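Student: Just so you know, we're using the working numbering here: the sequence shown kicks off at 2 and counts up by one.
Cβ coordinates follow ideal geometry from the N, Cα and C atoms, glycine included.
One structure, pasted below without further comment.
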Amino acid sequence: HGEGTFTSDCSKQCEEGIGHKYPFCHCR
Numbered sequence: 002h003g004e005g006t007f008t009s010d011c012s013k014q015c016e017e018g019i020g021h022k023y024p025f026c027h028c029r
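Right, here's the structure in full:
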């Protein structure tokens, strides 16, 4: 729970299914 403060979380970007523009995010 929370709000849209910080979206730049690597794990979060991977859970969104991107990992794009994120050099530290190699995900599935």
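Run through DSSP, which three-state label would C26 get?
Tutor: It is coil, neither helix nor strand.
Student: Measuring straight from C-alpha to C-alpha, what distance separates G5 and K22?
Tutor: One C-alpha to the other measures close to 19 Å.
Student: So for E4, helix, strand or coil by DSSP?
Tutor: Three-state result, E4: coil.
Student: What residue range does the alpha helix (DSSP H) around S9 cover?
Tutor: Per DSSP, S9 belongs to no alpha helix (DSSP H) and is neither H nor E.
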